[PDB]
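Student: My structure is below; once you've seen it, I'll send some questions.
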Amino acid sequence: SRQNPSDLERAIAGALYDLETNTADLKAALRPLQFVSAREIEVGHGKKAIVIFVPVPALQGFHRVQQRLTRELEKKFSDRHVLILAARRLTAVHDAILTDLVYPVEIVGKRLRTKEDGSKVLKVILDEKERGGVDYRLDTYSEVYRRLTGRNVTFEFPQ
Amino acid sequence: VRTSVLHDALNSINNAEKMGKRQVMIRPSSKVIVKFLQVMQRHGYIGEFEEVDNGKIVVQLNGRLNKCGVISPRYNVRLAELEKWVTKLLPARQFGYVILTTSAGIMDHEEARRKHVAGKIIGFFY
Amino acid sequence: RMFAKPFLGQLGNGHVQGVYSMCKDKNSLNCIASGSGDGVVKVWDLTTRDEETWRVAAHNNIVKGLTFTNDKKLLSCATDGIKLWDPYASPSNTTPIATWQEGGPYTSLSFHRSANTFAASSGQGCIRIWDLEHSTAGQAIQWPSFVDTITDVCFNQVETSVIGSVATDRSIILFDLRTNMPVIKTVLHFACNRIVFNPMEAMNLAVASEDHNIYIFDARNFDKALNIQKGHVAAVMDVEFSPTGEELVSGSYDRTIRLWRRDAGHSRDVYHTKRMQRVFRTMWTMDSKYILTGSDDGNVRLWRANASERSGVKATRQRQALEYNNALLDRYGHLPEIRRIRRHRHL
Amino acid sequence: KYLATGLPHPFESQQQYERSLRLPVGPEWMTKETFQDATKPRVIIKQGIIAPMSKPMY
Amino acid sequence: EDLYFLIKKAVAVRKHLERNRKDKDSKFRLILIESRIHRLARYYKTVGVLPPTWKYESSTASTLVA
Amino acid sequence: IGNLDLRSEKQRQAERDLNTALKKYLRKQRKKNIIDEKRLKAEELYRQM
Amino acid sequence: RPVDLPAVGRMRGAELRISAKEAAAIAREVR
Amino acid sequence: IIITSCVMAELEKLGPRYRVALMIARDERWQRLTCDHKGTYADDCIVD
RNA sequence: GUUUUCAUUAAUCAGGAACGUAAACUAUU
RNA sequence: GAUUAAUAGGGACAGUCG
Ligand SMILES: [Zn+2]
């Protein structure tokens with residue numbers, strides 16, 4: 001691919017290696033995966049959340065298997081929010097970035113509301129069926145999107 | 001069928017401000033309607049609008065505007081022509097505005113006279 | 001029903017465009033200001049309603065918020081920003097003596113009771129608090145993840161440092177000011193156009209909501225509404241508690257002003273006039289006897305509450321006859337003939 | 001047309017209501033001091049600045 | 001293909017009309033189907049998906065059914 | 001003036017909240033001579049007795 | 001008659017129709 | 001150019017379809033003779 | 001109705017084509 | 001190399017309906 005390893009790149013490489021071996025009994029797109037890409041920029045204050053960039057059909061491979069893979073990554077890796085994405089290089093690209101940010105849940109609506117002046121605010125409303133375990137991830141989603149693309153959004157559940 | 005989606009949306013706006021509603025559901029959205037709402041929001045004839053998707057526009061309005069429309073031949077217009085055009089179009093020089101898809105975008109006539117850019121007279125509201 | 005003649009006057013020549021905001025001087029008794037739609041504000045004294053005391057072309061857009069300070073000065077809020085004028089000075093000064101723009105599109109104003117602090121509800125989902133004479137940009141308080149515009153804001157008057165405010169997410173939110181953090185958030189079924197606290201009971205608030213309704217809530221227990229007045233046809237654009245804390249004015253989006261009792265839940269009275277094109281801001285005077293209605297026709301009309309009770313000093317037998325009639329109706333108000341003539345009103 | 005079509009709201013029974021009115025208010029049937037104490041209204045608003053209350057009364 | 005289903009329908013109504021030859025509602029519907037077929041076939045000639053010399057009146061029908 | 005119109009009050013509350021006599025009843029209703037499904041049920045009851 | 005209708009061309013609902021002779025007339029009034 | 005309260009009252013008695021004329025009437029730079037009479041009948045006010 | 005496709009194929013009508021004893025009170029709302 | 005997939009169109013299928 002592209003990457004010569006850095007201090008967390010070799011870390012995620014060793015992490016995926018010990019998810020291959022010494023465990024499950026579940027390895028589908030893990031063995032056809034090598035070093036891919038990773039990034040660690042802070043979220044909030046004090047906390048961090050790791051994002052990884054994956055080649056484009058392995059995204060649907062990881063959508064086949066992302067449940068409890070991400071959980072094990074969170075627990076055995078530094079106690080932070082793990083996150084997976086597609087690597088790319090336009091508004092459709094931002095659309096794909098958002099829909100790949102929110103991995104188990106489907107987005108529903110994009111409300112682009114202008115204020116009383118030229119300012120405008122974009123708010124994405126999600127599905128109501130998954131609300132319990134994503135509300136604490138909402139801010140991480142917002143700041144990750146902000147850091148990668150630059151447009152400020154805000155994630156919300158409908159009512 | 002009037003392919004002028006701009007005229008459809010403005011017809012719904014005039015119907016709403018006539019009936020006394022507070023918010024509208026403009027069903028077919030487009031960027032020209034978005035910028036037209038932008039300039040009416042600049043001049044404060046509309047509260048606050050949002051564009052949602054399947055998309056449509058929801059426009060909280062206060063009830064200050066009287067009439068809106070679109071100039072169907074979309075006539076190109078220079079500066080002295082602009083002055084006489086705006087006095088022939090609005091009921092007063094100090095009430096209402098006329099809209100120009102200039103080469104610098106979409107703006108009102110006072111902004112056109114500030115930036116010294118002419119363009120195509122397209123729409124108007126007062 | 002013969003002597004119900006409630007309309008008193010019209011404050012001078014009125015404005016060019018509509019009256020979109022107004023506010024009284026809670027310290028004084030005859031100082032009122034009204035900010036119109038073209039961006040002129042006027043300050044009227046109620047003793048002489050011929051010509052205004054002080055006018056200025058304040059802003060470029062409409063004058064969304066307005067208030068008096070506690071010293072003598074006043075504040076105006078528009079999408080341009082907010083400004084601080086001093087209308088009462090031996091030279092007339094049309095230039096503002098303070099100006100703010102940073103903080104986003106401001107939407108409403110409310111002033112403290114005693115100190116020199118005031119809150120402005122912005123459009124970015126926050127309100128911000130200024131303390132005059134030793135602050136510059138003010139502290140912005142907000143809900144943590146919040147986006148939509150907070151429309152109206154009002155300091156609680158009887159209990160200081162409790163701020164109620166309504167946002168266009170069809171939600172009311174309560175703050176606190178000694179601990180600068182939001183406190184509670186309730187989502188109703190429809191958006192609310194204004195919140196107002198009660199100047200006699202410390203915990204009751206009234207929300208004027210686009211549900212054509214006026215809700216009286218208890219601030220400690222937001223689980224159920226304390227009272228639901230339903231008397232309107234269009235959305236309500238304004239509510240105002242009486243300064244004696246027992247009657248309510250609600251000015252509607254249609255051509256109406258409804259006067260209400262605190263525990264009734266229906267129209268004690270209704271005012272309307274062909275010349276009133278819409279109704280946008282209504283508020284009592286501190287007499288609790290004359291109400292003021294800024295229309296959308298550009299008029300500041302002055303009506304009287306208790307529309308059949310003349311003012312001034314009454315002779316003793318006359319006031320005995322009036323109080324006797326009122327207690328008599330309070331007893332026999334439910335028999336058929338009395339009921340139909342007391343409810344019958346020309347709409 | 002002179003009977004009442006129904007109970008007024010806060011009351012709970014016919015005996016209660018028809019026995020609670022029971023007394024004419026006007027001066028032909030009561031003394032002057034009692035007439036005053038009956039027709040004295042609930043809220044009494046003289047003129048002046050009716051400001052919101054500062055500190056609690058009780 | 002849409003044009004295939006439409007020409008099959010035209011073949012069907014034409015065979016029934018040839019067997020019966022008395023009704024007129026069948027003729028009216030056959031006229032409408034022929035108009036729709038000609039407009040769609042025109043669009044497909046313009047986009048170029050079939051030879052520009054491909055024509056159907058009745059021999060294309062007889063060949064496609066035989 | 002002020003007493004309860006008892007019939008009106010009972011009707012208002014209804015609107016809010018929602019073997020010797022049947023022989024003379026059937027004698028009264030056998031001179032109409034409407035069949036009257038209530039009279040039908042009453043005749044079935046009188047058959048049952 | 002309605003007052004707010006502008007005096008140049010015809011108005012049907014929300015659409016405003018101007019004829020080319022009316023536009024050339026306004027141009028001639030400028031020149 | 002002066003405009004009386006009777007004329008202003010008739011423009012206001014006319015509905016909201018004359019909002020533009022009401023605004024032009026309330027243009028600020030024009031004097032306003034207040035009237036002292038009852039019926040607000042502008043013809044008799046002007047002639048008187 | 002669909003857990004169905006092609007993606008402007010559209011609208012309108014000059015010209016043209018298929019169908020064929022009577023009257024007599026009258027973008028929403 | 002090939003957008004939304006239209007709250008304009010046509011087509012297919014199924015249960016129907018006159
Ligand atoms: Zn007069």
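A note on labels: chains of the structure tokens are A, B, ... as shown, every chain counts residues from 1, and ligands are counted from 1 in their shown order.
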Write out as a PDB file with N, CA, C and O atoms, in the first residue's frame each polymer residue (protein, DNA or RNA) that has an atom no more than 12 Å from ligand 1, with only C-alpha atoms (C1' of nucleotides) and all ligand atoms counted.
Tutor:
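Below you can see part.pdb, which holds the result:
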ATOM      1  N   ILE H   3     -52.009  65.427   5.634  1.00  0.00           N
ATOM      2  CA  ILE H   3     -52.890  64.272   5.651  1.00  0.00           C
ATOM      3  C   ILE H   3     -53.565  64.218   7.011  1.00  0.00           C
ATOM      4  O   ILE H   3     -52.899  64.329   8.045  1.00  0.00           O
ATOM      5  N   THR H   4     -54.877  64.057   7.017  1.00  0.00           N
ATOM      6  CA  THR H   4     -55.596  64.136   8.271  1.00  0.00           C
ATOM      7  C   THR H   4     -55.758  62.754   8.886  1.00  0.00           C
ATOM      8  O   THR H   4     -55.550  61.722   8.241  1.00  0.00           O
ATOM      9  N   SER H   5     -56.161  62.746  10.154  1.00  0.00           N
ATOM     10  CA  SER H   5     -56.469  61.485  10.804  1.00  0.00           C
ATOM     11  C   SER H   5     -57.670  60.798  10.182  1.00  0.00           C
ATOM     12  O   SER H   5     -57.747  59.575  10.234  1.00  0.00           O
ATOM     13  N   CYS H   6     -58.587  61.542   9.565  1.00  0.00           N
ATOM     14  CA  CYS H   6     -59.714  60.898   8.901  1.00  0.00           C
ATOM     15  C   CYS H   6     -59.266  60.133   7.666  1.00  0.00           C
ATOM     16  O   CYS H   6     -59.700  58.998   7.441  1.00  0.00           O
ATOM     17  N   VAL H   7     -58.398  60.738   6.859  1.00  0.00           N
ATOM     18  CA  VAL H   7     -57.859  60.063   5.687  1.00  0.00           C
ATOM     19  C   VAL H   7     -57.024  58.862   6.100  1.00  0.00           C
ATOM     20  O   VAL H   7     -57.132  57.775   5.510  1.00  0.00           O
ATOM     21  N   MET H   8     -56.198  59.027   7.137  1.00  0.00           N
ATOM     22  CA  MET H   8     -55.447  57.891   7.650  1.00  0.00           C
ATOM     23  C   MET H   8     -56.365  56.807   8.175  1.00  0.00           C
ATOM     24  O   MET H   8     -56.090  55.621   7.982  1.00  0.00           O
ATOM     25  N   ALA H   9     -57.486  57.187   8.784  1.00  0.00           N
ATOM     26  CA  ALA H   9     -58.411  56.193   9.304  1.00  0.00           C
ATOM     27  C   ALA H   9     -59.107  55.445   8.180  1.00  0.00           C
ATOM     28  O   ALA H   9     -59.382  54.253   8.310  1.00  0.00           O
ATOM     29  N   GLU H  10     -59.396  56.117   7.070  1.00  0.00           N
ATOM     30  CA  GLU H  10     -60.033  55.407   5.969  1.00  0.00           C
ATOM     31  C   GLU H  10     -59.057  54.480   5.270  1.00  0.00           C
ATOM     32  O   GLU H  10     -59.430  53.361   4.887  1.00  0.00           O
ATOM     33  N   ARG H  32     -49.407  66.321   9.813  1.00  0.00           N
ATOM     34  CA  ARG H  32     -50.569  65.522  10.169  1.00  0.00           C
ATOM     35  C   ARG H  32     -51.488  66.383  11.014  1.00  0.00           C
ATOM     36  O   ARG H  32     -51.234  66.572  12.204  1.00  0.00           O
ATOM     37  N   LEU H  33     -52.550  66.902  10.426  1.00  0.00           N
ATOM     38  CA  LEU H  33     -53.518  67.674  11.192  1.00  0.00           C
ATOM     39  C   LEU H  33     -54.426  66.703  11.925  1.00  0.00           C
ATOM     40  O   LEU H  33     -55.211  65.990  11.296  1.00  0.00           O
ATOM     41  N   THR H  34     -54.315  66.658  13.246  1.00  0.00           N
ATOM     42  CA  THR H  34     -55.279  65.893  14.018  1.00  0.00           C
ATOM     43  C   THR H  34     -56.615  66.614  14.031  1.00  0.00           C
ATOM     44  O   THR H  34     -56.678  67.845  14.066  1.00  0.00           O
ATOM     45  N   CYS H  35     -57.689  65.843  13.979  1.00  0.00           N
ATOM     46  CA  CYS H  35     -59.027  66.389  13.853  1.00  0.00           C
ATOM     47  C   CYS H  35     -59.761  66.268  15.177  1.00  0.00           C
ATOM     48  O   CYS H  35     -59.523  65.334  15.947  1.00  0.00           O
ATOM     49  N   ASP H  36     -60.645  67.224  15.443  1.00  0.00           N
ATOM     50  CA  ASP H  36     -61.477  67.218  16.641  1.00  0.00           C
ATOM     51  C   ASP H  36     -62.926  67.112  16.192  1.00  0.00           C
ATOM     52  O   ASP H  36     -63.645  68.109  16.128  1.00  0.00           O
ATOM     53  N   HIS H  37     -63.356  65.887  15.914  1.00  0.00           N
ATOM     54  CA  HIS H  37     -64.735  65.597  15.552  1.00  0.00           C
ATOM     55  C   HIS H  37     -64.941  64.101  15.710  1.00  0.00           C
ATOM     56  O   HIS H  37     -64.034  63.373  16.118  1.00  0.00           O
ATOM     57  N   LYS H  38     -66.145  63.640  15.384  1.00  0.00           N
ATOM     58  CA  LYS H  38     -66.562  62.307  15.793  1.00  0.00           C
ATOM     59  C   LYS H  38     -66.485  61.275  14.676  1.00  0.00           C
ATOM     60  O   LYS H  38     -65.727  60.306  14.774  1.00  0.00           O
ATOM     61  N   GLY H  39     -67.241  61.481  13.598  1.00  0.00           N
ATOM     62  CA  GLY H  39     -67.624  60.385  12.722  1.00  0.00           C
ATOM     63  C   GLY H  39     -66.506  59.788  11.895  1.00  0.00           C
ATOM     64  O   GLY H  39     -66.680  58.689  11.359  1.00  0.00           O
ATOM     65  N   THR H  40     -65.364  60.469  11.810  1.00  0.00           N
ATOM     66  CA  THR H  40     -64.259  60.119  10.917  1.00  0.00           C
ATOM     67  C   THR H  40     -64.758  59.907   9.488  1.00  0.00           C
ATOM     68  O   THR H  40     -64.569  58.856   8.873  1.00  0.00           O
ATOM     69  N   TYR H  41     -65.441  60.928   8.985  1.00  0.00           N
ATOM     70  CA  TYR H  41     -65.890  60.990   7.602  1.00  0.00           C
ATOM     71  C   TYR H  41     -65.042  62.031   6.886  1.00  0.00           C
ATOM     72  O   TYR H  41     -65.238  63.239   7.071  1.00  0.00           O
ATOM     73  N   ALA H  42     -64.118  61.552   6.055  1.00  0.00           N
ATOM     74  CA  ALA H  42     -63.033  62.395   5.569  1.00  0.00           C
ATOM     75  C   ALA H  42     -63.523  63.506   4.655  1.00  0.00           C
ATOM     76  O   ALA H  42     -62.939  64.591   4.651  1.00  0.00           O
ATOM     77  N   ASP H  43     -64.587  63.264   3.890  1.00  0.00           N
ATOM     78  CA  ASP H  43     -65.109  64.305   3.013  1.00  0.00           C
ATOM     79  C   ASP H  43     -65.637  65.477   3.821  1.00  0.00           C
ATOM     80  O   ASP H  43     -65.319  66.637   3.533  1.00  0.00           O
ATOM     81  N   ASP H  44     -66.422  65.195   4.859  1.00  0.00           N
ATOM     82  CA  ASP H  44     -66.934  66.281   5.677  1.00  0.00           C
ATOM     83  C   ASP H  44     -65.835  66.928   6.501  1.00  0.00           C
ATOM     84  O   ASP H  44     -65.890  68.134   6.743  1.00  0.00           O
ATOM     85  N   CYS H  45     -64.811  66.168   6.892  1.00  0.00           N
ATOM     86  CA  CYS H  45     -63.700  66.778   7.617  1.00  0.00           C
ATOM     87  C   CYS H  45     -62.928  67.740   6.729  1.00  0.00           C
ATOM     88  O   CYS H  45     -62.600  68.856   7.145  1.00  0.00           O
ATOM     89  N   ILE H  46     -62.648  67.329   5.491  1.00  0.00           N
ATOM     90  CA  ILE H  46     -61.919  68.183   4.559  1.00  0.00           C
ATOM     91  C   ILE H  46     -62.733  69.422   4.217  1.00  0.00           C
ATOM     92  O   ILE H  46     -62.209  70.542   4.226  1.00  0.00           O
ATOM     93  N   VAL H  47     -64.025  69.251   3.940  1.00  0.00           N
ATOM     94  CA  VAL H  47     -64.851  70.393   3.567  1.00  0.00           C
ATOM     95  C   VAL H  47     -65.035  71.337   4.748  1.00  0.00           C
ATOM     96  O   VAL H  47     -65.010  72.562   4.584  1.00  0.00           O
ATOM     97  N   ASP H  48     -65.145  70.798   5.965  1.00  0.00           N
ATOM     98  CA  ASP H  48     -65.266  71.654   7.138  1.00  0.00           C
ATOM     99  C   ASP H  48     -63.981  72.429   7.392  1.00  0.00           C
ATOM    100  O   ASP H  48     -64.024  73.634   7.668  1.00  0.00           O
TER     101      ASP H  48
END
Student: Excluding same-chain residues fewer than 2 positions from residue 18 in chain G, what lies within 12 Å of it counting only C-alpha atoms (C1' of nucleotides), as a PyMOL selection string?
Tutor: (chain B and resi 70-75+89+121-122) or (chain G and resi 6-12+15-16+20-26)
Student: Store the residues of this selection in a file with N, CA, C and O atoms, as a compact mmCIF listing (two decimals), in the first residue's frame.
Tutor:
# COMPACT_ATOMS: atom_id res chain seq x y z
N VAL B 70 -41.69 36.64 -10.47
CA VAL B 70 -40.54 36.42 -11.32
C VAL B 70 -40.80 37.09 -12.66
O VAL B 70 -41.93 37.09 -13.17
N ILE B 71 -39.77 37.73 -13.20
CA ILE B 71 -39.83 38.38 -14.50
C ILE B 71 -39.57 37.31 -15.55
O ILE B 71 -38.44 36.82 -15.67
N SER B 72 -40.59 36.94 -16.29
CA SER B 72 -40.52 35.76 -17.15
C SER B 72 -39.57 35.85 -18.34
O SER B 72 -38.92 34.84 -18.65
N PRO B 73 -39.41 36.98 -19.05
CA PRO B 73 -38.38 37.00 -20.10
C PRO B 73 -36.96 37.11 -19.58
O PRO B 73 -36.03 36.89 -20.37
N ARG B 74 -36.77 37.42 -18.29
CA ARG B 74 -35.46 37.46 -17.64
C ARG B 74 -34.52 38.45 -18.35
O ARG B 74 -33.52 38.08 -18.96
N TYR B 75 -34.88 39.72 -18.23
CA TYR B 75 -34.35 40.71 -19.16
C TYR B 75 -33.01 41.26 -18.69
O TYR B 75 -32.87 41.66 -17.54
N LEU B 89 -40.98 49.19 -11.69
CA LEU B 89 -41.39 47.92 -11.12
C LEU B 89 -41.91 48.04 -9.69
O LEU B 89 -42.96 47.47 -9.38
N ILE B 121 -32.38 41.26 -14.76
CA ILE B 121 -33.57 41.38 -13.94
C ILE B 121 -34.34 40.07 -14.06
O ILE B 121 -34.68 39.64 -15.17
N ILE B 122 -34.59 39.44 -12.91
CA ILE B 122 -35.25 38.16 -12.84
C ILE B 122 -36.44 38.18 -11.88
O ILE B 122 -37.51 37.67 -12.22
N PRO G 6 -47.68 46.03 -10.54
CA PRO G 6 -46.80 46.98 -11.24
C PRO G 6 -47.33 47.29 -12.63
O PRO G 6 -48.03 46.50 -13.26
N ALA G 7 -46.96 48.47 -13.11
CA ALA G 7 -47.62 49.10 -14.25
C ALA G 7 -47.03 48.72 -15.60
O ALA G 7 -47.54 49.18 -16.62
N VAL G 8 -45.99 47.90 -15.64
CA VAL G 8 -45.31 47.66 -16.91
C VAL G 8 -46.04 46.59 -17.71
O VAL G 8 -46.59 46.86 -18.78
N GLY G 9 -46.06 45.36 -17.19
CA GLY G 9 -46.61 44.24 -17.92
C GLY G 9 -47.76 43.61 -17.15
O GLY G 9 -48.23 44.15 -16.15
N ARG G 10 -48.19 42.46 -17.65
CA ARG G 10 -49.31 41.77 -17.05
C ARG G 10 -48.84 40.79 -15.99
O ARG G 10 -47.71 40.30 -16.02
N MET G 11 -49.72 40.50 -15.04
CA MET G 11 -49.41 39.65 -13.90
C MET G 11 -50.50 38.59 -13.76
O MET G 11 -51.68 38.93 -13.63
N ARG G 12 -50.10 37.33 -13.77
CA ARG G 12 -51.02 36.20 -13.63
C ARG G 12 -50.56 35.37 -12.44
O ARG G 12 -49.62 34.58 -12.55
N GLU G 15 -46.49 34.93 -11.75
CA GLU G 15 -45.64 35.15 -12.91
C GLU G 15 -45.91 36.55 -13.44
O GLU G 15 -47.04 37.04 -13.34
N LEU G 16 -44.88 37.19 -13.95
CA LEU G 16 -45.00 38.52 -14.54
C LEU G 16 -44.54 38.41 -15.98
O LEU G 16 -43.41 37.98 -16.25
N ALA G 20 -41.75 42.22 -25.44
CA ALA G 20 -40.53 42.81 -25.97
C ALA G 20 -40.73 44.26 -26.37
O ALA G 20 -39.80 45.06 -26.24
N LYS G 21 -41.93 44.63 -26.84
CA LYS G 21 -42.19 46.03 -27.13
C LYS G 21 -42.17 46.87 -25.87
O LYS G 21 -41.69 48.00 -25.89
N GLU G 22 -42.62 46.32 -24.74
CA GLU G 22 -42.59 47.07 -23.49
C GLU G 22 -41.16 47.23 -22.98
O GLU G 22 -40.78 48.31 -22.51
N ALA G 23 -40.36 46.17 -23.10
CA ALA G 23 -38.95 46.29 -22.75
C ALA G 23 -38.20 47.29 -23.61
O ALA G 23 -37.45 48.12 -23.08
N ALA G 24 -38.41 47.25 -24.93
CA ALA G 24 -37.80 48.24 -25.81
C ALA G 24 -38.33 49.63 -25.54
O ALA G 24 -37.59 50.61 -25.71
N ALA G 25 -39.58 49.75 -25.09
CA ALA G 25 -40.09 51.05 -24.68
C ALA G 25 -39.34 51.59 -23.48
O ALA G 25 -39.00 52.77 -23.45
N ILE G 26 -39.07 50.74 -22.48
CA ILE G 26 -38.31 51.21 -21.32
C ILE G 26 -36.90 51.59 -21.72
O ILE G 26 -36.35 52.60 -21.25
Student: Provide the CA of residue 346 in chain C to CA of residue 3 in chain C distance in Å, to one decimal place.
Tutor: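 If I compute the distance from CA of residue 346 in chain C to CA of residue 3 in chain C, I get 14.3 Å.
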Student: At a cut-off of 12 Å, using only C-alpha atoms (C1' of nucleotides), what residues contact residue 57 in chain D? Leave out same-chain residues fewer than 3 positions from it and give the result as a count of residues only.
Tutor: 4
Student: Near residue 125 in chain A, counting only C-alpha atoms (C1' of nucleotides), which residues have an atom at most 10 Å away, once you skip same-chain residues fewer than 5 positions from it, shown as a PyMOL selection string?
Tutor: chain A and resi 106-111+154-159
Student: Would you put the residues from that selection into a file with N, CA and C atoms, as a short mmCIF file (atom, residue, chain, number, x, y, z; two decimals), in the first residue's frame?
Tutor:
data_model
loop_
_atom_site.label_atom_id
_atom_site.label_comp_id
_atom_site.auth_asym_id
_atom_site.auth_seq_id
_atom_site.Cartn_x
_atom_site.Cartn_y
_atom_site.Cartn_z
N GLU A 106 -28.43 4.06 10.12
CA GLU A 106 -28.66 4.81 8.90
C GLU A 106 -29.07 6.24 9.24
N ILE A 107 -28.48 7.21 8.55
CA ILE A 107 -28.97 8.58 8.66
C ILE A 107 -30.33 8.68 8.00
N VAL A 108 -31.10 9.67 8.42
CA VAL A 108 -32.40 9.94 7.84
C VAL A 108 -32.42 11.28 7.13
N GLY A 109 -32.15 12.36 7.85
CA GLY A 109 -32.38 13.68 7.32
C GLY A 109 -31.18 14.60 7.48
N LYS A 110 -31.05 15.51 6.53
CA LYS A 110 -30.11 16.61 6.62
C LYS A 110 -30.90 17.91 6.59
N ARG A 111 -30.93 18.61 7.71
CA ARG A 111 -31.58 19.91 7.80
C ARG A 111 -30.50 20.98 7.72
N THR A 154 -23.95 18.94 13.13
CA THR A 154 -24.34 18.43 14.43
C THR A 154 -25.29 17.27 14.27
N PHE A 155 -24.98 16.18 14.96
CA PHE A 155 -25.74 14.95 14.90
C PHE A 155 -26.84 14.98 15.94
N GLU A 156 -28.02 14.51 15.56
CA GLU A 156 -29.15 14.54 16.48
C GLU A 156 -30.10 13.39 16.19
N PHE A 157 -30.79 12.97 17.22
CA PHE A 157 -31.88 12.04 17.09
C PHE A 157 -33.19 12.81 16.96
N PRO A 158 -34.15 12.30 16.19
CA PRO A 158 -35.38 13.05 15.98
C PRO A 158 -36.30 12.92 17.18
N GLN A 159 -37.40 13.66 17.13
CA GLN A 159 -38.40 13.59 18.18
C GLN A 159 -39.76 14.04 17.67
#
Student: Excluding residue 5 in chain E and its own-chain neighbours fewer than 6 positions away, which residues fall within 10 Å of it when counting only C-alpha atoms (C1' of nucleotides)? Please give them as a list in words.
Tutor: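 Residues near the query, excluding close chain neighbours: residues 11 and 37 of chain E; 11 and 12 of chain J.
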Student: Using DSSP secondary structure from the backbone, list all strand (DSSP E or B) positions within chain A, as a PyMOL selection string.
Tutor: chain A and resi 38-43+47-54+81-86+107-114+120-126+153-156
Student: Counting only C-alpha atoms, which residues of range 3-42 of chain H fall within 10 Å of range 93-102 of chain B, and what is the closest atom pair for each with its distance in Å at one decimal, ordered by chain and rising number, as a Markdown table?
Tutor:
| residue | atom | partner | partner_atom | distance |
| --- | --- | --- | --- | --- |
| H:20 | CA | B:95 | CA | 8.3 |
| H:23 | CA | B:95 | CA | 8.8 |
| H:24 | CA | B:95 | CA | 8.9 |
Student: How would the residues just chosen look if you wrote them out with N, CA and C atoms as a PDB file, in the first residue's frame?
Tutor:
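The resulting file, part-v5.pdb, is reproduced below:
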ATOM      1  N   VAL H  20     -49.349  48.837   1.117  1.00  0.00           N
ATOM      2  CA  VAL H  20     -48.360  49.688   0.475  1.00  0.00           C
ATOM      3  C   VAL H  20     -48.798  51.148   0.514  1.00  0.00           C
ATOM      4  N   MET H  23     -48.291  52.509   4.033  1.00  0.00           N
ATOM      5  CA  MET H  23     -46.901  52.853   4.315  1.00  0.00           C
ATOM      6  C   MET H  23     -46.511  54.179   3.662  1.00  0.00           C
ATOM      7  N   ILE H  24     -46.873  54.359   2.386  1.00  0.00           N
ATOM      8  CA  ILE H  24     -46.560  55.612   1.696  1.00  0.00           C
ATOM      9  C   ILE H  24     -47.264  56.784   2.364  1.00  0.00           C
TER      10      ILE H  24
END
Student: Could you list, as a list in words, every residue of chain C that has an atom within 10 Å of an atom of chain H, counting only C-alpha atoms?
Tutor: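 Listed by rising number, the hits are residues 12, 13, 14, 15, 16, 17, 18, 50, 273, 274, 275, 276, 277, 278, 297 and 298 of chain C.
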Student: Hey, list the chain B side of the contact with chain I: 9 Å cut-off, only C-alpha atoms (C1' of nucleotides), answer as an mmCIF file with N, CA, C and O atoms, in the first residue's frame.
Tutor:
data_model
loop_
_atom_site.group_PDB
_atom_site.id
_atom_site.type_symbol
_atom_site.label_atom_id
_atom_site.label_comp_id
_atom_site.auth_asym_id
_atom_site.auth_seq_id
_atom_site.Cartn_x
_atom_site.Cartn_y
_atom_site.Cartn_z
ATOM 1 N N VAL B 1 -47.491 22.865 -17.996
ATOM 2 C CA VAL B 1 -46.734 22.874 -16.754
ATOM 3 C C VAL B 1 -45.661 23.951 -16.823
ATOM 4 O O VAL B 1 -44.849 23.974 -17.748
ATOM 5 N N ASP B 8 -43.174 28.584 -9.169
ATOM 6 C CA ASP B 8 -44.028 27.751 -8.321
ATOM 7 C C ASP B 8 -43.825 28.056 -6.843
ATOM 8 O O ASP B 8 -44.798 28.258 -6.099
ATOM 9 N N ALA B 9 -42.568 28.099 -6.411
ATOM 10 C CA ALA B 9 -42.269 28.388 -5.017
ATOM 11 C C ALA B 9 -42.747 29.775 -4.626
ATOM 12 O O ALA B 9 -43.315 29.959 -3.543
ATOM 13 N N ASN B 11 -45.207 31.391 -5.969
ATOM 14 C CA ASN B 11 -46.659 31.343 -5.905
ATOM 15 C C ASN B 11 -47.123 30.782 -4.575
ATOM 16 O O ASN B 11 -48.090 31.283 -3.986
ATOM 17 N N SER B 12 -46.436 29.755 -4.079
ATOM 18 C CA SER B 12 -46.800 29.218 -2.772
ATOM 19 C C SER B 12 -46.515 30.223 -1.661
ATOM 20 O O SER B 12 -47.282 30.320 -0.697
ATOM 21 N N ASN B 15 -49.332 32.750 -1.762
ATOM 22 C CA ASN B 15 -50.544 32.150 -1.213
ATOM 23 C C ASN B 15 -50.480 32.065 0.301
ATOM 24 O O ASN B 15 -51.482 32.301 0.986
ATOM 25 N N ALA B 16 -49.307 31.761 0.847
ATOM 26 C CA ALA B 16 -49.195 31.658 2.295
ATOM 27 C C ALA B 16 -49.323 33.014 2.962
ATOM 28 O O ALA B 16 -50.042 33.152 3.956
#
